[PDB]
Amino acid sequence: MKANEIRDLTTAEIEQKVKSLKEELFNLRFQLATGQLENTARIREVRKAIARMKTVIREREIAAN
Amino acid sequence: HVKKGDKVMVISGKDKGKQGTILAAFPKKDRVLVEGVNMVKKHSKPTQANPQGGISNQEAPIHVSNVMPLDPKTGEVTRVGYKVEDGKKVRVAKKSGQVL
Amino acid sequence: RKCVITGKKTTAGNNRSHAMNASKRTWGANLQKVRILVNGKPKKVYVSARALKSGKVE
Amino acid sequence: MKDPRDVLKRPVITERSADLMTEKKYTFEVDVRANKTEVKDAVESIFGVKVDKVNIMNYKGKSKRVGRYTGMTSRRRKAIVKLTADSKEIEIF
RNA sequence: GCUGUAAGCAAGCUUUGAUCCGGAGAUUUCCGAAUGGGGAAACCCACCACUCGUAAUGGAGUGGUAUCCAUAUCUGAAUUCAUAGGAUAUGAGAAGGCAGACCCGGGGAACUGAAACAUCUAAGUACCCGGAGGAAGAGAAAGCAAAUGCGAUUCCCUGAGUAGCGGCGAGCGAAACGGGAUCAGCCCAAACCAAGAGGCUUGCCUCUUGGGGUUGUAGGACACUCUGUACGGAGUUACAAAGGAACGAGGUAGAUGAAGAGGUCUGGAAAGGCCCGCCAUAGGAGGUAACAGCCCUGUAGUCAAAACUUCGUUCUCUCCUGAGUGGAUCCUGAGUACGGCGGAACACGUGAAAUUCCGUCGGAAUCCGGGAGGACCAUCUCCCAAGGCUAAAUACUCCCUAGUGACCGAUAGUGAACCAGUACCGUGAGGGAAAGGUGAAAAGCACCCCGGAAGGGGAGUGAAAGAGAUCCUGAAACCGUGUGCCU
RNA sequence: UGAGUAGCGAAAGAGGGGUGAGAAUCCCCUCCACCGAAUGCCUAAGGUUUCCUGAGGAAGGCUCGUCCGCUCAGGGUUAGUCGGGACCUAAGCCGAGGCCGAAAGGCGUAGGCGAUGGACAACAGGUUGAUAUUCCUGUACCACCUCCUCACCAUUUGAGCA
């Protein structure tokens with residue numbers, strides 16, 4: 001997934017994905033309080049997909065230094 | 001060392017000499033399922049699901065070092081070698097040099 | 001109490017009695033509280049009287 | 001950070017949630033270290049339905065047991081939050 | 001193939017190479033030296049900049065904000081200069097920890113012995129406190145030693161329980177010579193000279209920088225003859241510091257890897273008996289349904305690391321003269337060495353007591369000098385204290401790999417083979433347990449009968465079910481039930 | 001072993017019905033009885049879920065036990081005005097600098113902590129199987145700030161903050 005993401009820019013993508021990966025995550029913790037969208041391993045996509053994108057950012061601070 | 005699913009003899013045990021393929025492997029416990037070998041009757045609770053319960057006719061799996069592959073040609077119980085150009089360590093079966 | 005120009009201290013030893021027993025005594029070194037030039041300016045540190053009887057400026 | 005989204009976690013569906021949700025007040029857990037006015041940041045900016053009040057309890061954990069092995073529940077901090085009149089609701093539906 | 005314990009269910013992920021294992025990072029809420037401040041550890045409250053948002057207050061994120069010290073810079077009191085002090089920035093400074101050890105230094109007992117006990121011993125032991133380093137300390141002579149002398153310290157063995165010390169009693173007890181392990185020596189200070197500054201009555205003499213200068217039958221200065229500024233030597237561990245970059249070999253992951261299902265028998269199972277074949281630089285071990293060289297993981301041999309390291313060699317880089325001759329004179333370690341008084345360490349307990357080190361008084365020579373040669377003096381032999389650096393030989397382990405036990409086999413071995421410093425016990429410092437094994441695998445007993453349900457009896461499961469949840473073996477005390485003979 | 005022995009922890013229950021396999025000990029009703037300056041309520045010190053519901057019942061209950069403060073499975077505590085911190089201080093404690101002392105530290109200035117004190121704005125009802133001067137229904141009150149409206153000043157010969 002990294003090569004799909006370093007070609008993505010900082011501004012126009014980490015905005016629109018991570019906040020919408022939150023919109024995938026946080027809409028799903030609500031359903032985990034209910035159980036209607038069962039699909040339980042869709043979480044471990046989403047939170048783990050956050051965790052790789054957020055260390056590209058902190059990498060680029062070293063790359064900006 | 002054996003994978004699912006190569007052709008498999010049974011070295012020793014109660015089923016000494018039957019053959020079959022591999023339904024599943026369990027590599028952390030070093031133990032492999034074979035069809036129809038160590039066929040064991042098991043009593044089961046009535047499930048949820050199925051409601052039948054009854055007796056099942058599964059196989060408890062077999063330790064790995066009571067299992068050999070075969071030459072495709074001779075059909076012999078043979079030990080394993082390796083080293084194959086453009087084959088990513090594909091098994092040289094002894095009585096050289098058949099793959100897989 | 002440990003002075004400045006040298007390293008005079010309290011080196012505690014024994015008071016050997018007559019018909020020795022013998023108990024313990026602190027021996028703090030001699031001191032007078034006098035002016036001594038340091039980084040600007042003096043005053044003040046304890047001095048040792050061996051270092052004050054002819055030495056740096058009082 | 002601190003975003004509106006990570007502040008909330010879930011709604012809490014009890015027998016209390018039956019009667020309160022019909023009276024324009026809703027139950028939510030909040031994180032352990034997030035105050036009352038951070039809750040008004042959520043519902044305004046997540047749900048778009050304006051907060052009347054925020055009321056925040058917190059619970060200690062029941063020290064449960066399994067076998068020999070005894071241990072304590074994680075601590076919970078809920079929030080009954082009221083909304084305005086003429087404003088909808090964006091629950092499970 | 002994977003979603004750890006965990007034995008099941010859902011949801012999923014993977015040879016567009018997943019699960020795993022290593023290297024290098026990033027992430028790393030809060031407390032804790034805690035360091036903005038308060039604090040009753042896991043929490044509250046601030047302020048300064050910047051951001052988000054509301055009309056604003058309120059609210060939220062991002063860093064900074066201690067203390068000491070040092071480098072500077074502004075200020076700069078009574079008090080005039082000026083200082084104390086105050087403000088500011090810079091410091092990949094340092095406070096904390098822990099390998100419960102080993103090594104220095106400061107403090108430092110008692111109990112025990114001496115058959116009592118107070119001199120002594122125990123013992124400079126334990127304990128407390130400051131130091132750090134992987135080692136530390138010591139060290140190139142004011143050394144031993146008395147000849148044809150040895151040449152820095154350290155460690156080991158002798159020397160030897162000898163010389164000795166001791167109410168000479170208990171007990172303490174060295175050194176030097178001999179033989180090894182390891183093996184390297186050098187800079188400062190002082191005169192002399194150069195450059196600054198800084199005063200004095202020009203003169204004169206007083207601090208730093210840079211050379212020079214490292215000593216003992218004396219060396220240096222100074223002067224006079226040489227000799228170089230290299231291609232010779234050194235070098236980051238002392239010797240002065242300090243940089244890189246290449247070649248090889250280990251380490252943190254590996255990969256290859258020989259030979260048989262030999263047949264038959266016993267069996268639940270061969271790995272076992274018998275009759276047999278092979279491999280072997282591999283017959284180390286550990287699994288394998290039971291005791292395998294040949295079934296497996298491996299073993300013996302070989303070979304590999306993108307990245308981190310640790311080591312050895314080179315290159316780069318950096319740095320550098322050594323001697324003779326004399327002595328007109330100037331240096332060679334000052335409130336220091338020694339000496340009195342009082343103590344301690346030396347094996348030496350204040351002694352015929354050398355020696356070292358402290359407190360306090362005194363207090364010299366400085367080469368025609370001076371110190372050691374167990375009080376002291378002359379002669380004679382060594383040797384220059386009053387400055388500093390010094391790897392290795394050594395002692396050590398909480399540790400990390402690989403390994404070995406005439407070590408233990410669960411009342412043993414660590415307290416802990418078991419979710420152990422847990423449970424409990426204590427206000428608290430602290431004390432501190434017990435607890436291993438179904439089976440080869442759950443095949444962990446479907447179904448029927450009794451019973452509310454545990455708990456059984458049949459049925460199947462497996463070799464065993466008397467093996468079925470303290471679950472292999474099951475002894476004895478005990479508790480039963482039947483009894484043959486006696487009451 | 002003692003030994004089916006001592007003990008079963010002051011203190012009135014009784015009767016009908018119900019639950020369940022089983023009832024004196026569980027529930028309900030009805031009579032009776034005890035405390036009533038406490039055995040009443042409210043809320044500290046502490047305790048950390050013992051609270052409520054729904055099931056069980058082996059174990060703890062000094063006996064049973066359908067029951068429990070036991071076991072499970074869920075549920076349960078809403079504050080600008082109440083106690084405490086965005087206020088202050090007492091004895092005491094800590095303490096920059098400072099002073100003494102082999103070390104470690106002892107004390108202590110300026111400072112700061114530290115209620116049991118001083119200051120301090122909300123009340124009367126309802127409400128559930130569980131929370132209340134919190135939820136809610138009516139009034140209020142407290143401080144701060146202004147996208148607004150008006151009233152009154154003054155323009156440093158100065159309103160006001162003070």
# chains A, B, ... in the order shown; residues from 1 in each chain; ligands from 1
>>> closest_atom_pairs(of="chain E", to="chain B", cutoff="6 Å", atoms="only C-alpha atoms (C1' of nucleotides)", output="CSV")
residue,atom,partner,partner_atom,distance
E:261,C1',B:11,CA,5.3
E:269,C1',B:13,CA,5.5
E:295,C1',B:65,CA,5.3
E:296,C1',B:65,CA,4.8
E:443,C1',B:42,CA,5.8
E:446,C1',B:54,CA,4.3
>>> select_by_dssp(residues="chain A", states="helix (DSSP H, G or I)", output="number ranges by chain")
A: 11-32, 42-63
>>> closest_atom_pairs(of="chain D", to="range 34-54 of chain E", cutoff="12 Å", atoms="only C-alpha atoms (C1' of nucleotides)", output="CSV")
residue,atom,partner,partner_atom,distance
D:1,CA,E:52,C1',9.6
D:2,CA,E:52,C1',9.8
D:3,CA,E:52,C1',10.1
D:4,CA,E:52,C1',11.9
D:33,CA,E:43,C1',11.3
D:38,CA,E:53,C1',11.7
D:40,CA,E:53,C1',11.7
D:41,CA,E:53,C1',9.2
D:44,CA,E:53,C1',11.4
D:45,CA,E:53,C1',10.7
>>> write_last_selection(atoms="N, CA and C atoms", output="PDB file, in the first residue's frame")
ATOM      1  N   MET D   1      -6.586  16.956  15.817  1.00  0.00           N
ATOM      2  CA  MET D   1      -6.577  16.643  17.241  1.00  0.00           C
ATOM      3  C   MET D   1      -6.707  17.910  18.088  1.00  0.00           C
ATOM      4  N   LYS D   2      -7.596  17.923  19.085  1.00  0.00           N
ATOM      5  CA  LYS D   2      -8.501  16.820  19.418  1.00  0.00           C
ATOM      6  C   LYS D   2      -9.748  16.874  18.540  1.00  0.00           C
ATOM      7  N   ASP D   3      -9.869  15.895  17.653  1.00  0.00           N
ATOM      8  CA  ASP D   3     -10.937  15.856  16.670  1.00  0.00           C
ATOM      9  C   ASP D   3     -12.275  15.619  17.352  1.00  0.00           C
ATOM     10  N   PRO D   4     -13.396  15.892  16.677  1.00  0.00           N
ATOM     11  CA  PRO D   4     -14.677  15.460  17.240  1.00  0.00           C
ATOM     12  C   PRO D   4     -14.871  13.966  17.200  1.00  0.00           C
ATOM     13  N   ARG D  33     -10.505  11.185  29.276  1.00  0.00           N
ATOM     14  CA  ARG D  33      -9.947  12.512  29.501  1.00  0.00           C
ATOM     15  C   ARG D  33     -10.510  13.543  28.525  1.00  0.00           C
ATOM     16  N   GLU D  38     -15.829  19.587  25.176  1.00  0.00           N
ATOM     17  CA  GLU D  38     -15.385  18.828  24.019  1.00  0.00           C
ATOM     18  C   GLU D  38     -16.488  17.942  23.469  1.00  0.00           C
ATOM     19  N   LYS D  40     -19.723  19.014  23.169  1.00  0.00           N
ATOM     20  CA  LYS D  40     -20.439  19.907  22.263  1.00  0.00           C
ATOM     21  C   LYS D  40     -19.684  20.130  20.963  1.00  0.00           C
ATOM     22  N   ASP D  41     -18.367  19.939  20.967  1.00  0.00           N
ATOM     23  CA  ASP D  41     -17.623  19.996  19.721  1.00  0.00           C
ATOM     24  C   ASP D  41     -17.994  18.847  18.804  1.00  0.00           C
ATOM     25  N   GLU D  44     -22.219  18.974  17.369  1.00  0.00           N
ATOM     26  CA  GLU D  44     -22.323  20.066  16.410  1.00  0.00           C
ATOM     27  C   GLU D  44     -21.602  19.735  15.111  1.00  0.00           C
ATOM     28  N   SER D  45     -20.392  19.192  15.199  1.00  0.00           N
ATOM     29  CA  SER D  45     -19.572  19.040  14.006  1.00  0.00           C
ATOM     30  C   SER D  45     -19.621  17.641  13.413  1.00  0.00           C
TER      31      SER D  45
END
>>> residues_around(residues="range 305-315 of chain E", least_positions_apart="6", cutoff="12 Å", atoms="only C-alpha atoms (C1' of nucleotides)", output="PDB file with N, CA, C and O atoms (P, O5', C5', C4', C3', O3' and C1' of nucleotides), in the first residue's frame")
ATOM      1  P     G E  22      13.337 -11.639  15.918  1.00  0.00           P
ATOM      2  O5'   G E  22      14.478 -10.967  15.045  1.00  0.00           O
ATOM      3  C5'   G E  22      15.832 -11.210  15.365  1.00  0.00           C
ATOM      4  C4'   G E  22      16.759 -10.901  14.221  1.00  0.00           C
ATOM      5  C3'   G E  22      17.016  -9.443  13.928  1.00  0.00           C
ATOM      6  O3'   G E  22      17.944  -8.883  14.836  1.00  0.00           O
ATOM      7  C1'   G E  22      16.623 -10.583  11.910  1.00  0.00           C
ATOM      8  P     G E  23      17.702  -7.416  15.440  1.00  0.00           P
ATOM      9  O5'   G E  23      18.245  -6.467  14.291  1.00  0.00           O
ATOM     10  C5'   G E  23      19.573  -6.616  13.830  1.00  0.00           C
ATOM     11  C4'   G E  23      19.829  -5.775  12.617  1.00  0.00           C
ATOM     12  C3'   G E  23      19.398  -4.329  12.732  1.00  0.00           C
ATOM     13  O3'   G E  23      20.375  -3.541  13.384  1.00  0.00           O
ATOM     14  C1'   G E  23      18.651  -5.227  10.682  1.00  0.00           C
ATOM     15  P     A E  24      19.943  -2.370  14.391  1.00  0.00           P
ATOM     16  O5'   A E  24      19.381  -1.244  13.427  1.00  0.00           O
ATOM     17  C5'   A E  24      20.231  -0.643  12.471  1.00  0.00           C
ATOM     18  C4'   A E  24      19.446   0.131  11.451  1.00  0.00           C
ATOM     19  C3'   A E  24      18.431   1.105  12.005  1.00  0.00           C
ATOM     20  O3'   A E  24      19.011   2.299  12.487  1.00  0.00           O
ATOM     21  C1'   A E  24      17.458  -0.106  10.244  1.00  0.00           C
ATOM     22  P     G E  25      18.622   2.811  13.952  1.00  0.00           P
ATOM     23  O5'   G E  25      17.035   2.745  13.953  1.00  0.00           O
ATOM     24  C5'   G E  25      16.264   3.899  14.226  1.00  0.00           C
ATOM     25  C4'   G E  25      15.542   4.381  12.996  1.00  0.00           C
ATOM     26  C3'   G E  25      14.191   5.018  13.252  1.00  0.00           C
ATOM     27  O3'   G E  25      14.314   6.387  13.577  1.00  0.00           O
ATOM     28  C1'   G E  25      13.980   3.397  11.549  1.00  0.00           C
ATOM     29  P     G E 244      35.190  10.953  10.925  1.00  0.00           P
ATOM     30  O5'   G E 244      34.495  10.771   9.509  1.00  0.00           O
ATOM     31  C5'   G E 244      34.794   9.638   8.714  1.00  0.00           C
ATOM     32  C4'   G E 244      35.544  10.013   7.462  1.00  0.00           C
ATOM     33  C3'   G E 244      35.690   8.896   6.445  1.00  0.00           C
ATOM     34  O3'   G E 244      34.547   8.780   5.624  1.00  0.00           O
ATOM     35  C1'   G E 244      37.772   9.977   6.743  1.00  0.00           C
ATOM     36  P     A E 245      33.710   7.415   5.586  1.00  0.00           P
ATOM     37  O5'   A E 245      33.995   6.851   4.129  1.00  0.00           O
ATOM     38  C5'   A E 245      34.611   7.672   3.153  1.00  0.00           C
ATOM     39  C4'   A E 245      35.659   6.900   2.409  1.00  0.00           C
ATOM     40  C3'   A E 245      35.446   5.403   2.368  1.00  0.00           C
ATOM     41  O3'   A E 245      34.506   5.049   1.373  1.00  0.00           O
ATOM     42  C1'   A E 245      37.736   5.909   2.792  1.00  0.00           C
ATOM     43  P     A E 246      33.993   3.541   1.238  1.00  0.00           P
ATOM     44  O5'   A E 246      35.020   2.883   0.219  1.00  0.00           O
ATOM     45  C5'   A E 246      35.273   1.491   0.257  1.00  0.00           C
ATOM     46  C4'   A E 246      36.684   1.180  -0.156  1.00  0.00           C
ATOM     47  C3'   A E 246      37.136  -0.246   0.096  1.00  0.00           C
ATOM     48  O3'   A E 246      36.687  -1.162  -0.887  1.00  0.00           O
ATOM     49  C1'   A E 246      38.777   1.230   0.896  1.00  0.00           C
ATOM     50  P     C E 247      36.647  -2.735  -0.556  1.00  0.00           P
ATOM     51  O5'   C E 247      38.168  -3.185  -0.643  1.00  0.00           O
ATOM     52  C5'   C E 247      38.541  -4.367  -1.320  1.00  0.00           C
ATOM     53  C4'   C E 247      39.472  -5.203  -0.483  1.00  0.00           C
ATOM     54  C3'   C E 247      38.810  -6.238   0.409  1.00  0.00           C
ATOM     55  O3'   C E 247      38.391  -7.407  -0.275  1.00  0.00           O
ATOM     56  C1'   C E 247      40.450  -5.073   1.648  1.00  0.00           C
ATOM     57  P     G E 248      37.075  -8.190   0.215  1.00  0.00           P
ATOM     58  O5'   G E 248      37.586  -9.051   1.449  1.00  0.00           O
ATOM     59  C5'   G E 248      38.619 -10.002   1.268  1.00  0.00           C
ATOM     60  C4'   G E 248      39.227 -10.411   2.581  1.00  0.00           C
ATOM     61  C3'   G E 248      38.265 -11.006   3.590  1.00  0.00           C
ATOM     62  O3'   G E 248      38.018 -12.380   3.347  1.00  0.00           O
ATOM     63  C1'   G E 248      39.626  -9.386   4.648  1.00  0.00           C
ATOM     64  P     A E 249      36.580 -13.027   3.657  1.00  0.00           P
ATOM     65  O5'   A E 249      36.610 -13.268   5.228  1.00  0.00           O
ATOM     66  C5'   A E 249      37.653 -14.019   5.825  1.00  0.00           C
ATOM     67  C4'   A E 249      37.589 -13.922   7.321  1.00  0.00           C
ATOM     68  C3'   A E 249      36.203 -14.032   7.917  1.00  0.00           C
ATOM     69  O3'   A E 249      35.736 -15.361   7.959  1.00  0.00           O
ATOM     70  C1'   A E 249      37.370 -12.271   8.967  1.00  0.00           C
ATOM     71  P     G E 250      34.183 -15.640   8.223  1.00  0.00           P
ATOM     72  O5'   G E 250      34.114 -15.891   9.791  1.00  0.00           O
ATOM     73  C5'   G E 250      32.915 -15.674  10.514  1.00  0.00           C
ATOM     74  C4'   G E 250      33.209 -15.145  11.890  1.00  0.00           C
ATOM     75  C3'   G E 250      31.995 -14.757  12.709  1.00  0.00           C
ATOM     76  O3'   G E 250      31.448 -15.866  13.387  1.00  0.00           O
ATOM     77  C1'   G E 250      33.596 -13.014  12.785  1.00  0.00           C
ATOM     78  P     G E 251      29.882 -16.172  13.274  1.00  0.00           P
ATOM     79  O5'   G E 251      29.200 -14.966  14.048  1.00  0.00           O
ATOM     80  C5'   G E 251      29.328 -14.837  15.454  1.00  0.00           C
ATOM     81  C4'   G E 251      28.561 -13.639  15.932  1.00  0.00           C
ATOM     82  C3'   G E 251      27.133 -13.555  15.422  1.00  0.00           C
ATOM     83  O3'   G E 251      26.232 -14.295  16.224  1.00  0.00           O
ATOM     84  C1'   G E 251      28.228 -11.468  15.137  1.00  0.00           C
ATOM     85  P     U E 252      24.859 -14.850  15.604  1.00  0.00           P
ATOM     86  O5'   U E 252      23.923 -13.572  15.547  1.00  0.00           O
ATOM     87  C5'   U E 252      23.430 -12.971  16.731  1.00  0.00           C
ATOM     88  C4'   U E 252      22.498 -11.849  16.384  1.00  0.00           C
ATOM     89  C3'   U E 252      21.515 -12.161  15.270  1.00  0.00           C
ATOM     90  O3'   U E 252      20.374 -12.882  15.701  1.00  0.00           O
ATOM     91  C1'   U E 252      22.543 -10.063  14.872  1.00  0.00           C
ATOM     92  P     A E 253      20.140 -14.398  15.214  1.00  0.00           P
ATOM     93  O5'   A E 253      20.000 -14.286  13.637  1.00  0.00           O
ATOM     94  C5'   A E 253      18.952 -13.529  13.043  1.00  0.00           C
ATOM     95  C4'   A E 253      18.032 -14.389  12.221  1.00  0.00           C
ATOM     96  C3'   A E 253      18.599 -15.756  11.893  1.00  0.00           C
ATOM     97  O3'   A E 253      17.498 -16.630  11.669  1.00  0.00           O
ATOM     98  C1'   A E 253      18.266 -14.589   9.904  1.00  0.00           C
ATOM     99  P     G E 254      17.656 -18.222  11.783  1.00  0.00           P
ATOM    100  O5'   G E 254      17.047 -18.742  10.407  1.00  0.00           O
ATOM    101  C5'   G E 254      17.750 -19.659   9.584  1.00  0.00           C
ATOM    102  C4'   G E 254      18.134 -19.036   8.267  1.00  0.00           C
ATOM    103  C3'   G E 254      18.330 -20.005   7.118  1.00  0.00           C
ATOM    104  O3'   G E 254      17.114 -20.229   6.435  1.00  0.00           O
ATOM    105  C1'   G E 254      20.201 -18.560   7.273  1.00  0.00           C
ATOM    106  P     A E 255      16.551 -21.714   6.226  1.00  0.00           P
ATOM    107  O5'   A E 255      17.359 -22.241   4.966  1.00  0.00           O
ATOM    108  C5'   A E 255      17.442 -21.450   3.797  1.00  0.00           C
ATOM    109  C4'   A E 255      18.581 -21.894   2.934  1.00  0.00           C
ATOM    110  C3'   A E 255      18.831 -23.381   2.910  1.00  0.00           C
ATOM    111  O3'   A E 255      17.944 -24.061   2.055  1.00  0.00           O
ATOM    112  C1'   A E 255      20.879 -22.229   3.106  1.00  0.00           C
TER     113        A E 255
END
>>> interface_residues(of="chain C", to="chain F", cutoff="10 Å", atoms="only C-alpha atoms (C1' of nucleotides)", output="list in words")
residues 1, 2, 9, 10, 11, 12, 26, 27 and 28 of chain C
>>> write_last_selection(atoms="N, CA and C atoms", output="PDB file, in the first residue's frame")
ATOM      1  N   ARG C   1      32.760  23.653  56.026  1.00  0.00           N
ATOM      2  CA  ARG C   1      33.827  23.741  57.011  1.00  0.00           C
ATOM      3  C   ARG C   1      35.153  23.355  56.358  1.00  0.00           C
ATOM      4  N   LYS C   2      35.050  22.650  55.245  1.00  0.00           N
ATOM      5  CA  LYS C   2      36.225  22.234  54.498  1.00  0.00           C
ATOM      6  C   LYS C   2      36.764  23.431  53.727  1.00  0.00           C
ATOM      7  N   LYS C   9      40.372  19.175  56.447  1.00  0.00           N
ATOM      8  CA  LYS C   9      39.048  18.630  56.714  1.00  0.00           C
ATOM      9  C   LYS C   9      39.002  18.161  58.161  1.00  0.00           C
ATOM     10  N   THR C  10      37.994  17.356  58.475  1.00  0.00           N
ATOM     11  CA  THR C  10      37.886  16.682  59.761  1.00  0.00           C
ATOM     12  C   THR C  10      38.245  15.213  59.552  1.00  0.00           C
ATOM     13  N   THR C  11      39.464  14.835  59.930  1.00  0.00           N
ATOM     14  CA  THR C  11      39.952  13.465  59.780  1.00  0.00           C
ATOM     15  C   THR C  11      39.882  12.796  61.150  1.00  0.00           C
ATOM     16  N   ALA C  12      38.757  12.141  61.428  1.00  0.00           N
ATOM     17  CA  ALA C  12      38.456  11.684  62.778  1.00  0.00           C
ATOM     18  C   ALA C  12      39.282  10.463  63.160  1.00  0.00           C
ATOM     19  N   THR C  26      36.660  13.427  66.747  1.00  0.00           N
ATOM     20  CA  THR C  26      36.715  14.197  65.517  1.00  0.00           C
ATOM     21  C   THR C  26      37.861  15.188  65.585  1.00  0.00           C
ATOM     22  N   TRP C  27      38.645  15.270  64.516  1.00  0.00           N
ATOM     23  CA  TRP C  27      39.706  16.272  64.435  1.00  0.00           C
ATOM     24  C   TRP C  27      39.433  17.194  63.259  1.00  0.00           C
ATOM     25  N   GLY C  28      38.590  18.194  63.479  1.00  0.00           N
ATOM     26  CA  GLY C  28      38.442  19.249  62.504  1.00  0.00           C
ATOM     27  C   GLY C  28      39.651  20.163  62.488  1.00  0.00           C
TER      28      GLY C  28
END
>>> interface_residues(of="chain F", to="chain D", cutoff="8 Å", atoms="only C-alpha atoms (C1' of nucleotides)", output="PDB file with N, CA, C and O atoms (P, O5', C5', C4', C3', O3' and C1' of nucleotides), in the first residue's frame")
ATOM      1  P     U F  49     -15.955  -4.449  45.095  1.00  0.00           P
ATOM      2  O5'   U F  49     -16.853  -4.541  43.794  1.00  0.00           O
ATOM      3  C5'   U F  49     -17.936  -5.444  43.731  1.00  0.00           C
ATOM      4  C4'   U F  49     -19.207  -4.788  44.181  1.00  0.00           C
ATOM      5  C3'   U F  49     -20.283  -4.657  43.130  1.00  0.00           C
ATOM      6  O3'   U F  49     -20.902  -5.892  42.744  1.00  0.00           O
ATOM      7  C1'   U F  49     -20.052  -2.606  44.252  1.00  0.00           C
ATOM      8  P     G F  75     -24.858  -3.371  30.822  1.00  0.00           P
ATOM      9  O5'   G F  75     -25.884  -2.491  31.648  1.00  0.00           O
ATOM     10  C5'   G F  75     -27.120  -2.137  31.066  1.00  0.00           C
ATOM     11  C4'   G F  75     -28.199  -2.001  32.097  1.00  0.00           C
ATOM     12  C3'   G F  75     -28.050  -0.848  33.063  1.00  0.00           C
ATOM     13  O3'   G F  75     -28.455   0.389  32.524  1.00  0.00           O
ATOM     14  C1'   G F  75     -28.493  -2.783  34.278  1.00  0.00           C
ATOM     15  P     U F  77     -27.265   5.894  36.566  1.00  0.00           P
ATOM     16  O5'   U F  77     -26.541   6.573  37.805  1.00  0.00           O
ATOM     17  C5'   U F  77     -27.296   7.195  38.837  1.00  0.00           C
ATOM     18  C4'   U F  77     -26.434   7.977  39.801  1.00  0.00           C
ATOM     19  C3'   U F  77     -25.551   9.062  39.186  1.00  0.00           C
ATOM     20  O3'   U F  77     -25.460  10.157  40.091  1.00  0.00           O
ATOM     21  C1'   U F  77     -24.210   7.518  40.356  1.00  0.00           C
ATOM     22  P     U F  78     -26.192  11.548  39.770  1.00  0.00           P
ATOM     23  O5'   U F  78     -25.781  11.875  38.271  1.00  0.00           O
ATOM     24  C5'   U F  78     -24.554  12.530  37.986  1.00  0.00           C
ATOM     25  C4'   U F  78     -24.612  13.263  36.674  1.00  0.00           C
ATOM     26  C3'   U F  78     -25.122  14.691  36.753  1.00  0.00           C
ATOM     27  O3'   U F  78     -24.391  15.510  35.850  1.00  0.00           O
ATOM     28  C1'   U F  78     -26.509  13.434  35.311  1.00  0.00           C
TER      29        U F  78
END
>>> select_by_dssp(residues="chain D", states="strand (DSSP E or B)", output="number ranges by chain")
D: 8, 25-30, 51-56, 63-66, 69-72, 77-83
>>> atom_distance(atom1="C1' of residue 56 in chain F", atom2="CA of residue 66 in chain D")
17.7 Å
>>> interface_residues(of="chain A", to="chain D", cutoff="7 Å", atoms="only C-alpha atoms", output="MDAnalysis selection string")
chainID A and resid 26 29:30 33
>>> residues_around(residues="residue 84 in chain B", least_positions_apart="3", cutoff="12 Å", atoms="only C-alpha atoms (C1' of nucleotides)", output="PyMOL selection string")
chain B and resi 81+87-93+96-100
>>> residues_around(residues="residue 21 in chain C", least_positions_apart="2", cutoff="12 Å", atoms="only C-alpha atoms (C1' of nucleotides)", output="ChimeraX atom specification")
/C:14-19,23-24 /E:117-120,349
>>> closest_atom_pairs(of="chain A", to="chain E", cutoff="7 Å", atoms="only C-alpha atoms (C1' of nucleotides)", output="CSV")
residue,atom,partner,partner_atom,distance
A:39,CA,E:11,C1',5.3
A:40,CA,E:11,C1',4.8
A:41,CA,E:12,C1',5.3
A:55,CA,E:26,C1',6.4
A:59,CA,E:26,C1',6.7
>>> closest_residue(among="E:68, E:385, E:440, E:109", to="chain C", atoms="only C-alpha atoms (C1' of nucleotides)")
E:109
>>> residues_around(residues="residue 70 in chain F", least_positions_apart="4", cutoff="9 Å", atoms="only C-alpha atoms (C1' of nucleotides)", output="list in words")
residues 57, 59, 60 and 61 of chain F
>>> write_last_selection(atoms="C-alpha atoms (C1' of nucleotides)", output="PDB file, in the first residue's frame")
ATOM      1  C1'   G F  57     -27.843 -22.717  44.163  1.00  0.00           C
ATOM      2  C1'   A F  59     -19.469 -23.620  47.686  1.00  0.00           C
ATOM      3  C1'   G F  60     -19.673 -18.777  52.358  1.00  0.00           C
ATOM      4  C1'   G F  61     -24.363 -18.679  55.435  1.00  0.00           C
TER       5        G F  61
END
